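Coordinate analysis (summary)
So the chains spell out like this:
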Amino acid sequence: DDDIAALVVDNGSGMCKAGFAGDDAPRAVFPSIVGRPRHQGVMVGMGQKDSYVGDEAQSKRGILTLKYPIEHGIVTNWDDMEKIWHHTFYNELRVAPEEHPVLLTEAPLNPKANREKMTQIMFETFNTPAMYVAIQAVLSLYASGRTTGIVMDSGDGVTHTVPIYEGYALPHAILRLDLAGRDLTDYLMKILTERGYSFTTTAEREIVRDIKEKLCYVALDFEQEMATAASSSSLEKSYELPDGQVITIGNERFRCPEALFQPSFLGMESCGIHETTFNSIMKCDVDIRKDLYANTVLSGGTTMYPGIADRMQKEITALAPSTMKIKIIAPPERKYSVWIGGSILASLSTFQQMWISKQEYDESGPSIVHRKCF
Amino acid sequence: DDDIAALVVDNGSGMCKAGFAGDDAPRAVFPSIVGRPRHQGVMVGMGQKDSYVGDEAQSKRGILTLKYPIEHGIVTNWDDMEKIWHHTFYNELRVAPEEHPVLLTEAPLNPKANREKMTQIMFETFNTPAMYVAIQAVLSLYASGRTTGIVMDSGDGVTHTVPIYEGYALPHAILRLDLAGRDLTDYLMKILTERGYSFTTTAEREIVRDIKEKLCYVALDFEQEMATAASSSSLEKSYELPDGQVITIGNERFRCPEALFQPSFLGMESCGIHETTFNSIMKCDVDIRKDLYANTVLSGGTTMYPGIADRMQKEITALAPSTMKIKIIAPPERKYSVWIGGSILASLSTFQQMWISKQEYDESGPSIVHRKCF
Amino acid sequence: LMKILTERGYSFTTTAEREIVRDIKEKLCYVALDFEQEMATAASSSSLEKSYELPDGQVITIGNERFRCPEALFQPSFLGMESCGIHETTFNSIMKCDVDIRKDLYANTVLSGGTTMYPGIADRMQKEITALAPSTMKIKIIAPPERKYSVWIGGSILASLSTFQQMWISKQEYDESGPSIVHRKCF
Amino acid sequence: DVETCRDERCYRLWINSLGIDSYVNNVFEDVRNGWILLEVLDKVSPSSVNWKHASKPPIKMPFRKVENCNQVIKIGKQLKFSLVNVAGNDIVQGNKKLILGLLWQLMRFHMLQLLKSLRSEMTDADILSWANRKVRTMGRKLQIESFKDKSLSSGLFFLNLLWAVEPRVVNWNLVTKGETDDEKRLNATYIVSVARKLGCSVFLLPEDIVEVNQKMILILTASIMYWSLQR
Amino acid sequence: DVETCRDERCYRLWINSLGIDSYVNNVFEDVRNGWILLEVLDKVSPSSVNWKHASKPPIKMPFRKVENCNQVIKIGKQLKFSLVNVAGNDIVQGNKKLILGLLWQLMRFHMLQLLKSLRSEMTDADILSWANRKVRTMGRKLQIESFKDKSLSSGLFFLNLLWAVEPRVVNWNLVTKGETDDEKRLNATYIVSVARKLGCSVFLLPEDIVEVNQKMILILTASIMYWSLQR
C-alpha cells in the first residue's frame, strides 16, 4: 500500500512513464527526449545539468543535441540516462531508491552489455533492494491476446524479431537490427538538407522528427512509387517552420521508411525487416512455424507508418512457402500498455520471487540479468 | 458394471485406445505418437513433462523427437511409455490402477524382456490387482474368420510370422524381424534428404510419415520398376510442406517398402518378409503346412502398401513347392479390432482365470508372463 | 563466434572485419574437456581472457567464448540444431557397419579437415567415444598434425596413372545417363 | 459431434446443483475465466483452492484469467487427474476437449469421494447396497446390480426407493410403466421433481435416467440416501 | 485539468495548517514571490533557509522575487528533490506544473521526516502501528493495512481512534455509517472538527478522507497521535 510497491519505470525513446505498482496509470509521464548540450552548458539558475529531459529540453532543442539518451529503444548515453533516472525518483515520484524494488523495461533484443550496465547502475549507483528488467512487448501482452506468434518490435534504438511459443521468447531465434526510428529521423534530415534545406537550429533538429512522423509513408512498390512521385500533382506536401518558412516534401516521404526494407539506403549491409522476421521463423521448431506465420504482430513507434502492414504482408508472402496463411497483425494501439503491464506484474505476490536481489547481484555480479530475466 | 471391469489398453505405434471391458468402442483414442524433447524441456504451464502424447505432441513435433515410445510395435523408451500409461488412467479414463485388472496388448513376436518390463511396471509401479498381455492379431480374430493359418504382422517396431494351429500360435516356428513402419519412415527421409531435401523442423520429421503412408507403393518387379521410374512421365508425385514449399518423389515411393523384401537396402543382414513367412512354415508340423500356405494373412499398418499382397504372393509362390495352392489374405480392414477383441475377452467370466495376479507376480517375479500368456 | 562476440556489445560492422572473426576463431578457440568445469574455469579467470586487435586499432577481449565456440560441434543445441554432436555420429556409423570390422573402426578413428584443428579435440573426442563404446574397446583416436597439400597431390598421382582413364565419366556417358551417373561411378 | 452437445448439458446441470455461487448457462463459455472451475474444485475437494491467488469476475485483465485457469490445472494434476500438453490458457481458449475431460474427472472424483465417506470410508458399493436394501424393507423384490443397470431407464426402481423413503411424496396413479420412450421420459421428469421435493439438490436431466448415465445415477441415489438417513 | 483545481485546494489547506505566518488564499498566485515557499521549507526542514538573503513582502522589486525563488529551488535540490529544467523565475512565472511538483515533494518529505522522528527514527509504519494498536485497547477489532486503505473513506476508523484517545469528544449519536457519499461526507467533516477540538492543527479537506488521500491521512493520524501521547 503505496509505500511499498515497486516503481515501474518505462524507458522510451520519446517518453518515459513512471509510477507505482498496483496503479492504473503512470504518475509521471515526461519527455526523454533527453538532450545533452554537446557544448558544456548550464544556465546559472540550474546545477551543472547537462541532460535536460522532456519539455525543458524541447525549449532549448535548437541549442541542444537530443537522443530518443535512448535511441531506437537502446541507450546510447549512459550518464544522461543516469540523470533521467535520478530525476524520476528524486524529483518526479519523490521517492527513495533504497526502499523500493524497480521494474525497468527494456527493448526487445537489447544488447548484452546494456542489460548489465542498467543492472550495474541500479544496484551500485541507486542501491536498489531489487530489480527486474522486462522486454516492453511482453508487458503489453500481460496487460491485455495471443500466446504463440512472432513480434517485430521497432522502437527508437533497435528492432528485433522474437519468436514466442506459449508466452516464452525463443532466444536462439531472436534477431536484432540496429536500425529503428532515430536512424529514420536522421536519414530524412540528410535527404531534406541534400535538397538544399537548412535544419540549422537545435529545436529544428527535432523538427525532422515531426515531418517523419507526420508525412512518411511506406510504399508497396518502391519502384512504381518513385515514378508515382514523378507523376506528381498529389505527392508533395508542405511543412511550416517555427521560423514562418516552408518545406516541401515529395519522394522523401516514402524513401525514408524504405531504409527499413533496404538498409543499403542507409549504407548498411543489413537485411531489411522483412527478411529478419523470415530468418527467425526459420530458426524455430519445425512444428510452430505455421503458428509464427499466422501471428506476425508488429509493435513499437517505427511500425506506425501507413502501408507497413501491407508491405510487410506482400514481402513475407514472397519469401514464405507457397501455401502459408500469412496474417500480419497490426493493432491500431501498437499508448500506456507497456507501463500497466508492468504495474500488474510487479504487484502480484508472484513477482517477488522473480527479482534479482541486492544479495544476488553481489553473489554474481551484473551478468546475472541474463540468467534471471528469461 | 463399470466400476469393475478390466481396462483394455491397446498400445499402438501411432495410436493408443483405452476403455472398459464390456464396451463396444474405445473411450479414449489418442496420439502415441509419443514425443520426448531430446533437450530437457517443459513449458511453465506444465509439469516437468518430457513425453507429450497424441496431438499436444503434433503441435511441437518440429521441436520434439517422436516415437511411433512405441516403434514398429515395440517400446523403445520406457519412461515415456510410463508417462503414457499414467495419462491413460489418471487423465483419460480417470481411473485408479489398484482396483482394475488391465489387459495390455502387445506386438506379435514382442521381445522377452519387454514382456517382463511391462509386467514389472504394471505391478510394482501401478500396483495392478492383475494383468494379462495379449498379442494384438489374436484379439482381432476373437472379435470377428479363421483358426489355422499364419499371420504376417507388421507394425511400427516389429514384424513376426506366427504359424497358428487351431487358435494356438506355435512358439517354436514364430520368427521376429526388427524392421517395421519406423524403419521405413526413417529410410524414406534419408533417401529424400539425399536428394538435397530438408526436413529440418520437428513437426516436419513427422511429415515423412505422411509421404510414406500416402505415396509409397510396393513394386512387383523392383528391377523393371526402377526403369519404369526412368520412363517417368507418371511416377513423380508432389507433396506440399506446411512451409508452402514443394517435394517431388519418384523412385523413392516404391524403393521405401522394398526394404521389407530386401533389408540390405537398410544395411541389415536380415532375410526379407517373404522368406521369413516361408521359414516359419518350414518349422511347423508336416501335416499343417498345406494349411499355412492356403491361409497367409497379413495384418498391421506396414501391410497397407499397394502391391504388397501381389508381391507377397509372387514371392511365396517362387519358394513354395511347385504345387502348393498359395492364398495370401489381405482383408481391407487390416480400425478398432484389437481393442474390441480385448474388451470381449476381458469381460468373459472365463478370463478371470487367465490373468497373472499380484500374488503370482510375487510368487514368481516378472518371468511368469512367459508362462501364462501362452 | 561473431554472434556471441556481438552479444557482448561488439561491433563487426565492416565487411573485411566479418572475416576478422575467422582469425579469432582459428587463433584463440579451444575445445574444453569438461565444458562444465571449464565454464567455472572461465569464472576463475586470470588466464582465460585473451585479446585481439582490430585493423581499426581497437581491442577485443575473449574469454568463455573461446571454448564455447567449438562446443557447438559436440552439442549442436548451442546452435539451435536438433543434431547429435560429432562424438555420437562417429559412434552411430560404427554401429551400422559389419559386426567384424567395428573393432577395427574404434582402433582407427582419424580426424581430418580444418575444423579438427582445435586444441583439445583429440582428447575430447577420445573421452567421449570412450564413454559410449563397450567397456573394453581399445579406442585410438588419430590426429596427425598435418590434418597442407595432401588432397591436391593425391589427385595429381591418381589422375596421372593410366589406370585412371578407365575411371572417369566421359562426355558420352553423361549424355547417355544424365547427371545422376556421378553416383554410380564415383563409388 | 452430437455427444458434445449432450455433455454440455450434463455437466452444466451437474455444476448448477453443487451449491456453487455462480450459475452456468453454457459450460464451454462460462468456464473460460477459470472462476467457476475453482468453485467446483473447492466443493469437491474442500480447502484445495487458494483464493488469495484468484480473481473474482467480472474480469477484464487477461492475466487474471490465465492465472485462475493455471491454478485449476495445478490442483487437477495434484488430484492425480490426467492432463497432458495443456495449461491454463487452454481453458481460456475454450478447449472443449480439455474442458469436458476435466469436468468428467471432477464428476467421477466427487462421486468416489462421496461413497468413500460412507466407510467405517464410503464407497459407491455402500450406496448401491443401501438403495437395494431400502427397497426390500417395503416388501418389494426389484433390485439393481449396479448404477449402470439397464432396467433403471424405466424409472420404476427410483420411484419405489423414493416411495420407500417417504410414501407420501409418490402418487402411484401418476406413475407409468417404463416401456415406451415417452413413458420413461414421464417417470424420469417425475422422479427429478419428487427428489427435489424431498430436499435432493440434484442437477441431472430426466434423460439422464432414461439413458442410464451411471455417474448421475450414483449421485441421485446418494442424495436420496443423504436425506433418508436424516428423517 | 480538474486535478489541478483539487491539488490547488489540497496544498493550500496543508500549507495553512503548518503553523506558517502567511495565509494562502490561492497557492498558484500567493506562492509567486517565493516567501511562503521559504516558510514551508523552514518548517519542514528547520534552519534550512537563510533569511539574510531573502526579502519579506510586500515586494515591488522583481529582483527580490527571483532571489527568493532561487533559494527555494536550491534548498529543494539540496534535499534531493527532482527539479529539472527549472529555476526561481519558474515559480515567479507561476509554472503550475513545477509548483505542484515542488509542493508534493515537500508534503511527502515532511511526512517521512515525522515518521522518522518516531524511531528509537520515526517512520510512517510506526504511526500506522500506533493507530491500529490504540483502537484495539478499546475492544474494537477494526484495523487498517495502510493509510491508503479504501475502508478509510467511511470515517469509522478515525472516529473510533478519536474515541479511543478521548471518548468525551465523540458523540456517536452524531456519527453515521460510511456508506453513501453523503454519509461519508458528514463523518469526514465531523472528524476534521473533532480532531481540531483536541488540538490537531490539520488542514486536509473533508473530501481528503472520503477520497482517501494517503499523504493527508498519514498527517492527520500522526497529529492525533501527537496529542494522544501528551494526555
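Residues numbered from 1 in each chain as written, not as in the entry; some residues may be left out. Chains lettered and ligands numbered in written order. Part of a larger assembly, values for the part shown. Heavy atoms only, no water. Residues with missing side-chain atoms left out of burial classes, pairs and counts.

As documented in the archive entry, the model was determined using cryo-EM at 12.0 Å resolution.

A word on the overall build of chain D
For the record, the criterion: Secondary structure elements are defined from DSSP: runs of H or I of at least 4 residues count as helices, runs of E of at least 2 residues count as strands, and each element is numbered from the N terminus. What the globule rule says is 2.2 Å times the number of residues to the power 0.38, and the radius of gyration is computed from C-alpha atoms.
Tallying secondary structure elements over chain D gives 11 helices and 0 strands in all. Helices and strands appear in chain D in the N-to-C order α-α-α-α-α-α-α-α-α-α-α. Radius of gyration (C-alpha) of chain D: 19 Å, near the 17 Å computed for a compact globule of 231 residues. Based on the C-alpha atoms only, the size of chain D along its principal axes is roughly 60 × 40 × 30 Å.

Observations regarding the interface of chain D and chain B
Rules: Contacts are assigned to residue pairs that have any heavy atoms within 4.5 Å of one another. Note: buried area is the sum, over both parts, of the accessible area (probe 1.4 Å) each one loses when the two are combined. Should a side-chain nitrogen of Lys or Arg be within 4 Å of a carboxyl oxygen of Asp or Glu, the pair is scored as a salt bridge. Whenever a nitrogen or oxygen atom comes within 3.5 Å of another N or O atom, the pair is scored as a polar contact, on the condition that within protein one atom can donate a hydrogen and the other can accept it, and that pairs from neighbouring residues in sequence are kept only if both atoms are in side chains. Only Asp, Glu, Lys and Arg are considered charged, only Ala, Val, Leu, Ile, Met, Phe, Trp, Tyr, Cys and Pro nonpolar, and every remaining residue, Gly among them, polar.
Opposite the 21 residues of chain D that make contact, chain B presents 23 residues. Carbon and sulfur atoms make up 37% of the area that chain D and chain B hide from each other, which totals about 1700 Å². Taken together, the links from chain D to chain B amount to 0 salt bridges. Applying the counting rule to chain D against chain B returns 14 residue pairs in polar contact. Among the elements that take part in the side of chain D that touches chain B, helix α6 (residues 96–116) of chain D stands out by supplying 7 residues, more than any other. A per-class count over the side of chain D that touches chain B returns 9 nonpolar, 6 polar and 6 charged.

Remarks on the sheet that holds strand β5 (residues 52–53) of chain B
All names here are of chain B. Basically, it comes down to this: Paired strands, as defined in this entry, are two strands with at least two bridges between them according to DSSP.
Taken in spatial order, the 3 strands of this open sheet run β5-β4-β6, and their pairing is antiparallel. The strands lining the two open edges of the sheet, one partner per strand, are β5 and β6 (65–67). Examined bridge by bridge, strand β4 (residues 34–36) and β6 share 3 bridges and lie antiparallel to one another. Paired with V34 across the strands is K67, a residue of β6.

Examining the pattern of salt bridges
Residue and element names in this part refer to chain E. As a reminder of what qualifies: Three exposure classes are used, based on accessible area relative to the maximum for each residue type with a 1.4 Å probe and protein chains only: buried under 20%, partly exposed in between, and exposed over 50%.
Tallying each qualifying case throughout the model produces 63 salt bridges over all chains. For the salt bridge of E8 with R12, the shortest nitrogen-to-oxygen distance reads 3.0 Å. In this pair, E8 and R12 both sit in helix α1 (residues 3–15), 4 residues apart, roughly one turn of the helix. Residue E8 is classed as buried on the basis of its relative accessible area, which comes to 10%.

Focus on the interface of chain B and chain A
Interface extent is often summarised as the accessible area lost during association of the parts. With 21 residues of chain B at the interface, the matching set in chain A holds 16 residues. Taken together, both faces of the contact between chain B and chain A bury some 1300 Å²; the carbon and sulfur share is 56%. Contact with chain A buries surface across chain B, with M43, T201 and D243 of chain B losing the most and accounting together for 38% of the total. Inspection of the region where chain B meets chain A yields 2 salt bridges.

Considerations on the nonpolar core
The cut-off we apply is this: Nonpolar cores are built from buried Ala, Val, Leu, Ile, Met, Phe, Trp, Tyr and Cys residues. Side-chain atoms within 4.5 Å join them into one set.
In terms of nonpolar packing, the biggest core is built from 77 residues, with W14, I15, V40, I91, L106, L220 and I224 of chain E touching the most fellow members. It is helix α6 (residues 96–116) of chain E that contributes the most residues to this core, 11 residues altogether. Contacts of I15 of chain E, omitting those with residues within four sequence positions, involve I20, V24, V27, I36, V40 and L103 of chain E. Residues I15, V40, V44 and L159 of chain D belong to the second largest nonpolar core, which totals 76 residues.

With respect to the arrangement of the chains
Here 6 pairs of chains are in contact, and chains A and B lead that list by number of contacts. Separated throughout, chain D and chain E approach each other most closely at a C-alpha pair spaced 16 Å apart.

A closer look at the state of the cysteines
As a reminder of what qualifies: The definition used for a disulfide is geometric: two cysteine sulfur atoms within 2.5 Å.
Taken as a whole, this structure holds 0 disulfides over all chains when the rule is applied. No disulfide involves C84 of chain C; its sulfur sits 16 Å from that of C97 of chain C, the nearest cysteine.

Examining the sheet that holds strand β9 (residues 102–106) of chain A
All names here are of chain A. Condition: A fitted line through C-alpha atoms represents every axis, and for helices the fit uses only the stretch in contact; the resulting angles, taken between N-to-C directions, go from 0 to 180 degrees.
Spatially, 6 strands are ordered β3-β2-β1-β9-β10-β19 in an open sheet, and the strand pairing comes out mixed. Looking at which strands have only one partner, the edges of the open sheet turn out to be β3 (28–31) and β19 (356–357). Bridge analysis of strand β1 (residues 7–11) against strand β2 (residues 15–20) gives 5 bridges, and the strand direction is antiparallel. Opposite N11, over in β2, you have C16 as the bridge partner. Packing against the sheet, helix α2 (residues 112–125) makes contact with β9, β10 (130–135) and β19, and its axis sits at approximately 150° to β10.

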